[PDB]
Structure formats: structure tokens, C-alpha cells
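The next block holds one structure in the form of C-alpha cells; read it before the comments.
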2 protein chains.
Amino acid sequence: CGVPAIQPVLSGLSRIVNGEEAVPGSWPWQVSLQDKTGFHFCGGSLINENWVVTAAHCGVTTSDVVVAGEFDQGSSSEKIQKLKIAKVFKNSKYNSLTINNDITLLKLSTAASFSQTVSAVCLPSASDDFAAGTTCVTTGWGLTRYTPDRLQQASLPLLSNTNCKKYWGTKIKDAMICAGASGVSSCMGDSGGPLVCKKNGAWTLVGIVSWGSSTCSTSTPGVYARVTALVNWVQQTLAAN
Amino acid sequence: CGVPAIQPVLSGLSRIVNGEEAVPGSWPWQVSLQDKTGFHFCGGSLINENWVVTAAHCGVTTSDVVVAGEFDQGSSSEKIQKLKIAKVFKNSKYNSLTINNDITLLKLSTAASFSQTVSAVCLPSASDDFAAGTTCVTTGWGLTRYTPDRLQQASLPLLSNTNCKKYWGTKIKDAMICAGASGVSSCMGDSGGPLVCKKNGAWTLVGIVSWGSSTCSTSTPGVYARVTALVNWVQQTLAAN
């Protein structure tokens with residue numbers, strides 16, 4: 001896990017304004033979530049061939065589909081896997097008013113076929129420490145909400161929650177983590193999309209997109225679900241189903 | 001319904017900055033929603049002795065309590081009714097990502113005792129037309145989220161959805177309505193709290209608080225669930241339960 005067969009290329013432009021285009025297939029856990037009608041509404045991350053992790057505030061149901069292997073949402077030409085959802089597991093601690101504990105698991109009906117362009121992100125241990133100032137990467141088609149239809153990426157640093165409160169105040173809870181405000185926007189991440197950091201040669205899922213600056217400010221950090229705080233619940237859910 | 005036994009007094013100060021204090025008991029349908037621990041997290045409105053209407057994004061469950069007859073949340077001295085919730089009816093069309101169709105009904109276990117300070121707001125017909133520019137009133141303890149602990153009120157005008165889109169863009173859906181940006185803030189309304197307008201001597205529930213300006217701007221309108229679009233669902237739910 002965490003080692004793409006097609007390696008990401010990250011340039012200085014990933015650090016400013018709205019990031020830059022990714023190399024196709026270089027973020028192989030990134031999936032798109034489409035509703036009954038084919039409309040892309042959220043992101044998510046494969047954690048193995050049968051399970052996708054996304055945000056609870058996406059409100060995914062079993063009439064939505066998981067789309068793997070995608071790069072260009074405007075191309076009907078690329079090999080993709082449209083996978084049906086058999087069951088949705090929303091974290092019971094999710095507070096839909098503060099958006100705290102913002103995580104949901106999706107169990108697929110049939111397994112994805114892992115390949116060079118479809119494979120799993122690594123999950124952290126609950127005890128892992130990702131320090132403030134660490135450069136991490138967020139990816140998604142979140143800029144289409146306002147414009148390129150190809151997968152974008154940005155490099156942005158983690159913040160301590162204390163420093164994140166200077167921007168967002170009391171909305172920041174312990175199961176949250178912030179990144180950005182470094183002169184680059186966080187809006188390329190879809191709701192539910194990944195924030196990953198490279199630990200010992202492998203990319204690890206550190207955050208899930210919860211919300212960001214209402215104006216895509218380059219000086220306002222994104223707020224993510226903190227995966228260390230929720231990974232025990234993830235592993236308990238996989239073991240019981 | 002819609003005719004308080006204690007009549008509201010609304011002065012010019014209800015029109016600017018953060019509104020003004022209400023006369024005690026003059027908004028008798030206003031309830032407070034408290035969790036297991038007594039913490040006030042949302043508002044709502046009585047529509048009869050057995051049913052409270054609030055917003056779906058409040059995520060109310062049967063371990064929360066409805067508190068009626070309140071004025072001063074810091075006073076342990078006033079007569080109030082703490083009412084248990086027997087069942088929660090979230091509108092199935094609620095989209096937790098756009099906050100569209102943001103309405104939930106609460107059926108009480110035991111009826112409230114209606115009085116001078118506890119009584120019901122009127123519901124509109126689906127076909128009622130509340131025109132842009134109509135002065136309406138929002139009430140709540142929403143300023144405690146940042147400060148007075150007594151019930152506040154503000155007068156603010158309705159906007160057409162077209163004009164509301166100039167502020168909020170594509171987040172405005174048909175089951176929504178906006179009010180304010182007239183030099184007064186909308187933040188005194190709790191999530192799920194009422195927006196009422198006086199039609200033929202009776203106060204009618206026109207909106208339910210969905211979200212507002214992240215900085216409580218006096219030039220940014222509040223966004224509410226549009227009750228005309230959801231009242232048929234309300235009446236269908238009351239008739240089947």
C-alpha cells in the first residue's frame with residue numbers, strides 16, 4: 001500500500017495558488033463518488049479491494065457508485081471501474097452540526113481489480129505523530145465546484161490545532177486536523193477526498209476533507225477529519241463485516 | 001396559533017447590528033434543544049402540543065430533550081417544560097452536503113401543556129407567497145455561540161433567491177429562502193430556529209435556520225429552509241403518526 005506504480009511528480013507550482021495537474025494514475029487510491037445520475041459529488045480513498053473511506057457529511061448511500069481509476073472526468077476514453085456499494089457504515093460518533101468525527105466506510109458489492117492505476121493508500125496507526133509543518137498532499141476534482149476536469153494536486157503544510165484555531169476558532173475539535181494557509185488553496189480536494197503524507201517511502205492517509213475556506217483563500221487552511229483519531233474504528237468495522 | 005398571549009414588542013434596534021432582547025414569553029413556540037448533558041445546541045418551533053419542527057442538520061436524536069417556555073437560559077428560576085422526544089422524523093430528501101430540504105420533525109413522548117408562554121406557530125400553506133422585501137423576524141439564543149443568554153430577536157427582510165445568489169452563488173436551492181443583509185445580523189437564530197412573518201394578525205413560520213455568514217456580517221443574508229416547500233411533507237408526517 002502507499003506506493004504508486006506510477007510515481008507522482010510534484011513541482012513548485014503544487015505549492016502556490018490552486019496547485020497543479022497530477023500525473024495520470026499517480027494517485028491510485030483516489031476514487032470519485034457518483035450518484036444515481038453520474039454526477040460527481042464527493043471523493044474517497046481505497047484502503048483495500050473491498051472498502052473505500054470517505055467523509056460522513058457526504059451522505060453516501062447504496063444508490064451511489066464508486067468510480068476508480070479515473071483521471072479525466074471529461075474523457076469517456078480511459079479505463080475505469082464503476083463499483084456498486086453494498087453497505088454504508090457511518091461512524092456513529094459523527095456530529096452533523098460540528099462535522100466532528102467526519103468519516104464513513106463504504107463496502108463494495110464486488111471487489112475492485114487492483115492494477116497500476118488502482119491500489120490502496122496506507123492507513124496510519126492510532127499512535128503515529130505527523131508533526132506541524134510537515135508537507136502533505138491533497139488531491140481531487142474539487143475545483144470543478146466552481147475550471148479543469150483533470151485530477152489536481154497541491155502540497156501544503158500541516159498546522160497544530162492551536163494555530164489552526166487562530167483561523168477557525170472553536171469549530172476545531174480533537175478529531176480534526178488543519179493544513180494549508182501557506183499561499184496555496186485547499187479547494188482542489190473534494191469533500192471526503194484524501195490528505196496524504198509520505199512516511200518511510202509510503203503515502204499514508206492523514207486527513208479526509210471536511211471543509212475549507214468559503215472563498216478558496218490562499219491564507220486560510222483546510223479542515224480535515226484526523227485519521228489517527230478514527231483508524232481504530234476503521235479497523236473494528238473491517239473486522240466485524 | 002400564531003397569536004402570542006404576550007405580544008412581542010419590536011423596536012428600531014431590532015433592525016440593526018445584532019437585534020435586541022425580546023419581551024419574555026412573547027415568542028411562545030420557540031423551544032431550546034438540549035442534549036443528554038443539558039447543553040443547548042439547536043432551536044425549534046412548536047407546531048402543536050405533540051410536535052416540534054427543527055432543522056435536519058441539527059442531527060437530533062431521542063436522547064435529546066425539548067425545552068419549552070424558556071427566556072433566560074441562565075435563570076434556574078423560570079417555569080419551563082423539559083419534554084422527552086419519542087421519535088425523530090428526518091425528511092428523507094435531506095441532502096447533508098448541500099443542506100437542502102433541511103427539516104426534521106420531533107414527536108414528543110408526552111404533550112406540552114400550552115399556556116400564555118407555550119403555544120404553537122402557524123404553518124403556511126404550500127401555495128402562500130411571501131414576497132421579497134417583506135419584513136420578518138428571527139429569534140433565538142444563537143449569539144451565545146460566540147454575550148447575552150436571554151432570548152434575542154431581529155427584524156430583517158426576505159430576499160428573492162435570484163438576489164440571494166449574488167451572495168451565496170450556487171449553494172442556494174429552491175427549497176431555500178434568504179433574509180437579511182439589511183444592516184442587521186442573522187446570527188441570533190439558532191440552527192433550526194424560526195423565521196416568522198405576520199400574515200393577517202398571525203405569525204407564520206416561513207423559514208428554519210440552515211446557515212449564515214461565518215462572521216455574522218450585517219451585509220450577508222441568512223439562509224433558511226423554505227417552509228412552503230416542505231409543509232406538505234410536514235402534514236403527511238403528522239397524519240401518518
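The chains in the C-alpha cells are called A, B, ... from first to last as shown; in each chain the residues are counted from 1, and the ligands are counted from 1 in the order shown.
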Counting only C-alpha atoms, which residues of chain B sit at most 6 Å from some atom of chain A, and what is each one's closest atom pair with its distance in Å to one decimal, listed by chain and rising residue number, as a Markdown table?
| residue | atom | partner | partner_atom | distance |
| --- | --- | --- | --- | --- |
| B:57 | CA | A:96 | CA | 5.9 |
| B:58 | CA | A:97 | CA | 5.4 |
| B:59 | CA | A:96 | CA | 5.8 |
| B:96 | CA | A:59 | CA | 5.8 |
| B:97 | CA | A:58 | CA | 5.4 |
Using N, CA, C and O atoms, can you write the selected residues to a file as a PDB file, in the first residue's frame?
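Heads up, here's the output in result_20.pdb:
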ATOM      1  N   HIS B  57     -30.020  19.256   9.815  1.00  0.00           N
ATOM      2  CA  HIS B  57     -28.579  19.299  10.097  1.00  0.00           C
ATOM      3  C   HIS B  57     -28.255  19.458  11.581  1.00  0.00           C
ATOM      4  O   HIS B  57     -27.073  19.438  11.942  1.00  0.00           O
ATOM      5  N   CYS B  58     -29.262  19.651  12.440  1.00  0.00           N
ATOM      6  CA  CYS B  58     -29.049  19.576  13.881  1.00  0.00           C
ATOM      7  C   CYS B  58     -28.787  18.145  14.358  1.00  0.00           C
ATOM      8  O   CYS B  58     -28.230  17.962  15.446  1.00  0.00           O
ATOM      9  N   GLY B  59     -29.174  17.135  13.581  1.00  0.00           N
ATOM     10  CA  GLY B  59     -28.955  15.743  13.977  1.00  0.00           C
ATOM     11  C   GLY B  59     -29.555  15.361  15.313  1.00  0.00           C
ATOM     12  O   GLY B  59     -28.893  14.704  16.128  1.00  0.00           O
ATOM     13  N   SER B  96     -27.276  16.077   3.012  1.00  0.00           N
ATOM     14  CA  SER B  96     -26.413  16.581   4.068  1.00  0.00           C
ATOM     15  C   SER B  96     -25.190  17.304   3.535  1.00  0.00           C
ATOM     16  O   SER B  96     -24.406  17.831   4.335  1.00  0.00           O
ATOM     17  N   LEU B  97     -25.011  17.366   2.220  1.00  0.00           N
ATOM     18  CA  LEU B  97     -23.850  18.032   1.655  1.00  0.00           C
ATOM     19  C   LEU B  97     -24.190  19.418   1.120  1.00  0.00           C
ATOM     20  O   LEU B  97     -23.393  20.352   1.268  1.00  0.00           O
TER      21      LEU B  97
END
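For stretch 71-79 of chain A, the set of protein, DNA and RNA residues having any atom at most 8 Å away, when counting only C-alpha atoms and skipping those fewer than 4 positions along the same chain, is residues 24, 25, 149, 150 and 151 of chain A.
Between atom CA of residue A:140 and atom CA of residue A:153 lies a distance of 6.8 Å.
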(message) Could you list, as JSON, numbers by chain, every residue within 10 Å of residue A:158, counting only C-alpha atoms and ignoring same-chain residues fewer than 3 positions away?
(response) {"A": [130, 131, 132, 133, 134, 135, 136, 137, 161, 164, 177, 178, 179, 180, 181, 182, 195, 197, 206, 221, 222]}
(request) Compile the contact shell of residue A:125 as an MDAnalysis selection string: residues with an atom at most 10 Å away, counting only C-alpha atoms, same-chain residues fewer than 4 positions apart removed. (result) chainID A and resid 129 204 227:232
(request) Calculate how many Å separate atom CA of residue B:116 from atom CA of residue B:4, rounding to one decimal. (result)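 Distance between the two atoms: 7.3 Å.
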(request) Kindly give the distance, in Å, that separates atom CA of residue B:108 and atom CA of residue B:65, rounded to a single decimal. (result) 9.1 Å
(message) Please return, as a PyMOL selection string, all residues of stretch 24-223 of chain A that DSSP assigns to helix (DSSP H, G or I) on the basis of the backbone.
(response) chain A and resi 56-58+142-145+161-171
With C-alpha atoms retained, could you export that selection as a short mmCIF file (atom, residue, chain, number, x, y, z; two decimals), in the first residue's frame?
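Result saved to part31.cif:
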data_model
loop_
_atom_site.label_atom_id
_atom_site.label_comp_id
_atom_site.auth_asym_id
_atom_site.auth_seq_id
_atom_site.Cartn_x
_atom_site.Cartn_y
_atom_site.Cartn_z
CA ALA A 56 -19.70 11.22 6.67
CA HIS A 57 -21.06 14.65 5.64
CA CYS A 58 -21.09 13.38 2.04
CA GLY A 142 -12.74 19.93 -6.08
CA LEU A 143 -12.10 22.90 -8.39
CA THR A 144 -14.92 21.80 -10.65
CA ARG A 145 -17.31 23.01 -7.97
CA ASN A 161 -4.70 22.62 16.21
CA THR A 162 -3.77 25.57 18.44
CA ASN A 163 -2.51 27.51 15.42
CA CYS A 164 -5.49 26.33 13.38
CA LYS A 165 -7.84 27.85 15.98
CA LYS A 166 -6.49 31.31 15.09
CA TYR A 167 -8.37 30.84 11.80
CA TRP A 168 -11.44 28.81 12.72
CA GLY A 169 -11.88 29.33 16.47
CA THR A 170 -13.94 26.86 18.48
CA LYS A 171 -15.09 24.80 15.47
#
(message) Show me, as a ChimeraX atom specification, the residues that have an atom within 6 Å of stretch 215-219 of chain A when counting only C-alpha atoms, minus same-chain residues fewer than 3 positions from it.
(response) /A:181,183-185,187
(message) Set the distance at 12 Å and use only C-alpha atoms: which residues neighbour residue A:80 once local chain neighbours fewer than 4 positions away are removed? I'd like the list as an MDAnalysis selection string.
(response) chainID A and resid 25 28 30:32 66:73 75:76 112:115 117:118
(message) Which residues are close to residue A:138, i.e. within 9 Å by only C-alpha atoms, leaving aside same-chain residues fewer than 6 positions away? Reply as a PyMOL selection string.
(response) chain A and resi 152-156+186+188-189+193-196+207+209
Generate the output file for the selected residues, N, CA and C atoms, as a PDB file, in the first residue's frame.
ATOM      1  N   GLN A 152      -6.293  17.264  -9.914  1.00  0.00           N
ATOM      2  CA  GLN A 152      -5.346  18.256  -9.418  1.00  0.00           C
ATOM      3  C   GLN A 152      -4.714  17.800  -8.105  1.00  0.00           C
ATOM      4  N   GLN A 153      -3.579  18.421  -7.759  1.00  0.00           N
ATOM      5  CA  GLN A 153      -2.827  18.104  -6.549  1.00  0.00           C
ATOM      6  C   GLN A 153      -2.240  19.383  -5.974  1.00  0.00           C
ATOM      7  N   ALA A 154      -2.064  19.410  -4.655  1.00  0.00           N
ATOM      8  CA  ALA A 154      -1.397  20.547  -4.036  1.00  0.00           C
ATOM      9  C   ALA A 154      -0.574  20.063  -2.856  1.00  0.00           C
ATOM     10  N   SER A 155       0.575  20.705  -2.636  1.00  0.00           N
ATOM     11  CA  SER A 155       1.402  20.463  -1.457  1.00  0.00           C
ATOM     12  C   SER A 155       1.139  21.552  -0.427  1.00  0.00           C
ATOM     13  N   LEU A 156       0.879  21.160   0.818  1.00  0.00           N
ATOM     14  CA  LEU A 156       0.548  22.156   1.833  1.00  0.00           C
ATOM     15  C   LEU A 156       0.909  21.620   3.210  1.00  0.00           C
ATOM     16  N   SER A 186      -6.832  24.982  -0.679  1.00  0.00           N
ATOM     17  CA  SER A 186      -7.173  23.602  -0.370  1.00  0.00           C
ATOM     18  C   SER A 186      -8.391  23.112  -1.140  1.00  0.00           C
ATOM     19  N   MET A 188      -8.959  22.105  -4.121  1.00  0.00           N
ATOM     20  CA  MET A 188      -8.921  21.021  -5.096  1.00  0.00           C
ATOM     21  C   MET A 188      -9.375  19.699  -4.492  1.00  0.00           C
ATOM     22  N   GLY A 189      -9.326  19.551  -3.170  1.00  0.00           N
ATOM     23  CA  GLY A 189      -9.828  18.329  -2.553  1.00  0.00           C
ATOM     24  C   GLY A 189     -11.352  18.306  -2.555  1.00  0.00           C
ATOM     25  N   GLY A 193     -12.257  13.648   0.178  1.00  0.00           N
ATOM     26  CA  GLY A 193     -11.011  13.304  -0.501  1.00  0.00           C
ATOM     27  C   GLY A 193      -9.830  13.224   0.446  1.00  0.00           C
ATOM     28  N   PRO A 194      -8.705  12.706  -0.064  1.00  0.00           N
ATOM     29  CA  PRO A 194      -7.553  12.409   0.802  1.00  0.00           C
ATOM     30  C   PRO A 194      -6.602  13.572   1.065  1.00  0.00           C
ATOM     31  N   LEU A 195      -5.994  13.520   2.247  1.00  0.00           N
ATOM     32  CA  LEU A 195      -4.793  14.269   2.577  1.00  0.00           C
ATOM     33  C   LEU A 195      -3.773  13.228   3.017  1.00  0.00           C
ATOM     34  N   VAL A 196      -2.680  13.092   2.255  1.00  0.00           N
ATOM     35  CA  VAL A 196      -1.702  12.030   2.480  1.00  0.00           C
ATOM     36  C   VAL A 196      -0.331  12.632   2.747  1.00  0.00           C
ATOM     37  N   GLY A 207      -5.595  12.770   6.580  1.00  0.00           N
ATOM     38  CA  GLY A 207      -6.837  13.514   6.711  1.00  0.00           C
ATOM     39  C   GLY A 207      -7.813  13.169   5.607  1.00  0.00           C
ATOM     40  N   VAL A 209     -11.167  15.216   3.673  1.00  0.00           N
ATOM     41  CA  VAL A 209     -11.627  16.598   3.517  1.00  0.00           C
ATOM     42  C   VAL A 209     -12.986  16.777   4.200  1.00  0.00           C
TER      43      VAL A 209
END
(message) What parts of stretch 2-110 of chain B does DSSP call strand (DSSP E)? I'd like the answer as a VMD selection string.
(response) chain B and resid 20 to 21 30 to 34 40 to 48 51 to 54 65 to 68 81 to 90 104 to 108
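For the residues A:86, A:10, A:205, A:23, ranking by smallest atom-to-atom distance to residue A:110 using only C-alpha atoms places A:86 first.
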